[PDB]
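Scope of the values below: all heavy atoms of this structure, side chains included, with no hydrogens, waters or symmetry mates. A, B, ... follow the sequence lines: proteins, then strands. Residue 1 opens every chain.
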Amino acid sequence: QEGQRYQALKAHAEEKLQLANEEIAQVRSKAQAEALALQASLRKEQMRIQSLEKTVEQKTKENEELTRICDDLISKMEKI
Amino acid sequence: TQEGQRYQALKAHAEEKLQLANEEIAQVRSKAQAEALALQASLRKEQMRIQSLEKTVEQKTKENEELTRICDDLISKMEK
């Protein structure tokens with residue numbers, strides 16, 4: 001019959017489709033996972049960036065303050 | 001035959017469904033890898049700027065170290 005051909009093929013077509021849907025789920029999942037991982041690593045790096053920038057601002061402040069204090073000391077020693 | 005028309009329409013439905021599934025898979029992998037490599041580019045950028053900032057931090061740490069040192073010297077001379 002044509003019934004025969006069509007069914008015998010129907011089994012296999014069905015298998016291929018279910019396989020395809022499993023892989024759809026796989027790839028959706030994996031994609032979200034990578035998105036999360038990468039966004040996290042990223043904003044953590046940005047966090048270290050702003051941290052280091054502030055450590056720099058503060059190092060700078062520390063050296064104008066050191067200069068202020070020792071130059072004040074020196075100025076006062078000169079008026080003795 | 002018309003039974004052939006029916007089986008043609010049926011099979012067309014099965015393989016169009018399959019086509020759409022594989023298209024979904026393709027789309028997801030495409031989008032995912034695209035965004036992934038953009039984000040990894042960004043990560044790269046940030047890690048190298050981090051390295052630079054670390055350099056500046058060490059540099060200023062040393063400078064302040066020196067200023068502090070010689071100030072402490074002047075002081076210690078003026079103590080006794």
Side-chain angles (χ1 to χ4, degrees), chain A residues 1-3 5-7 9-10 12-14 16-35 37-67 69-71 73-74 76-77 80, chain B residues 1 3-4 6-8 10-11 13-15 17-33 35-40 42-75 77-78:
Chain A
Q1 209 177 335
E2 213 172 352
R5 151 148 309 219
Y6 178 81
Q7 200 86 80
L9 297 178
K10 196 189 76 186
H12 161 283
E14 281 182 350
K16 294 225 158 346
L17 177 71
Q18 274 166 346
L19 173 143
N21 287 327
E22 293 165 2
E23 148 169 16
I24 268 174
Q26 248 185 26
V27 180
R28 284 169 170 172
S29 149
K30 183 52 165 78
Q32 140 175 274
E34 272 168 49
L38 286 184
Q39 246 307 337
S41 303
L42 183 57
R43 61 182 295 175
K44 152 186 133 162
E45 294 304 287
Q46 313 181 304
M47 184 174 102
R48 310 172 168 167
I49 285 292
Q50 102 155 311
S51 178
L52 288 180
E53 291 182 312
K54 280 156 200 211
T55 291
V56 164
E57 86 188 358
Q58 293 165 3
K59 246 50 184 171
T60 304
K61 172 60 131 49
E62 184 188 57
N63 171 60
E64 30 203 61
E65 220 62 358
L66 280 170
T67 294
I69 294 182
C70 237
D71 285 8
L73 165 61
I74 291 178
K76 292 177 177 175
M77 288 176 54
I80 294 169
Chain B
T1 56
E3 145 166 40
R6 296 202 315 265
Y7 286 133
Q8 190 178 42
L10 291 175
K11 143 162 182 156
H13 181 260
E15 63 186 30
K17 191 188 296 181
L18 197 139
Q19 173 67 31
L20 291 181
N22 287 330
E23 285 182 3
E24 169 70 356
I25 304 168
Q27 265 191 329
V28 180
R29 289 179 178 170
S30 147
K31 211 225 166 176
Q33 224 299 4
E35 278 165 350
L37 67 82
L39 293 175
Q40 294 178 16
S42 273
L43 263 190
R44 183 172 176 81
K45 180 192 35 156
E46 302 293 67
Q47 297 143 314
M48 290 194 298
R49 182 194 182 40
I50 278 184
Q51 296 177 338
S52 179
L53 280 173
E54 288 174 340
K55 251 272 302 174
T56 301
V57 166
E58 264 180 8
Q59 170 179 311
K60 296 190 176 305
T61 297
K62 184 180 179 182
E63 292 176 341
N64 306 10
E65 201 192 39
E66 293 173 337
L67 289 195
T68 297
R69 182 171 296 106
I70 57 183
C71 191
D72 281 335
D73 281 5
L74 173 54
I75 292 170
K77 294 175 184 177
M78 284 311 100

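Heavy-atom pairs under 4.5 Å with chain A peak, among B:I50, B:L18, B:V57, at B:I50. Top candidate by heavy-atom pairs under 4.5 Å with chain A, chosen from B:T68, B:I70, B:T1, B:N22, is B:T68.
Contact annotation for A:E64: neither backbone nor side-chain heavy atoms come within less than 4.5 Å of a heavy atom of chain B. Proximity to chain A (any heavy atom under 4.5 Å) is shown, for B:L10, by both the backbone and the side chain. Both the backbone and the side chain of B:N64 come within contact range of chain A, each with at least one heavy atom under 4.5 Å from a heavy atom of that chain. At a 4.5 Å heavy-atom cutoff, B:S52 makes no contact with chain A through either its backbone or its side chain.
Interatomic distance, A:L66 CG to B:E63 CD, rounded to the nearest 0.5 Å: 11.0 Å. The structure places CD1 of B:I25 at 9.5 Å from CD of A:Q26, a figure rounded to the nearest 0.5 Å. Put simply, NZ on A:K76 and CE on B:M78 are 16.0 Å apart, with the number rounded to the nearest 0.5 Å. Here the NZ atom belonging to B:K60 is positioned 4.0 Å from the OG1 atom belonging to A:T60, to the nearest 0.5 angstrom. Remark: B:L74 CG to A:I74 CD1 distance equals 5.5 Å, nearest 0.5 Å.
A salt bridge between A:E53 and B:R49 is present, with a side-chain N of the basic residue lying under 4.0 Å from a carboxylate O of the acidic one.
Residues satisfying the salt bridge (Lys or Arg N to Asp or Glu O under 4.0 Å) test with B:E46, not counting sequence neighbours, are none. When the side chain to side chain contact (heavy atoms under 4.5 Å, CB included) test is applied to A:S41, the partners found at least two apart in sequence or on another chain are B:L43. Applying the salt bridge (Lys or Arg N to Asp or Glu O under 4.0 Å) criterion to A:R43, with sequence neighbours excluded, gives no partner residue.
Counting non-hydrogen atoms of neighbouring residues, nucleotides and ligands closer than 6.0 angstrom, the CD atom of A:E2 exceeds 12 such neighbours.
Listed by sequence position, A:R28, A:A31, A:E34 are the residues of residues 28-35 of chain A in contact with chain B, using a 4.5 angstrom heavy-atom cutoff.
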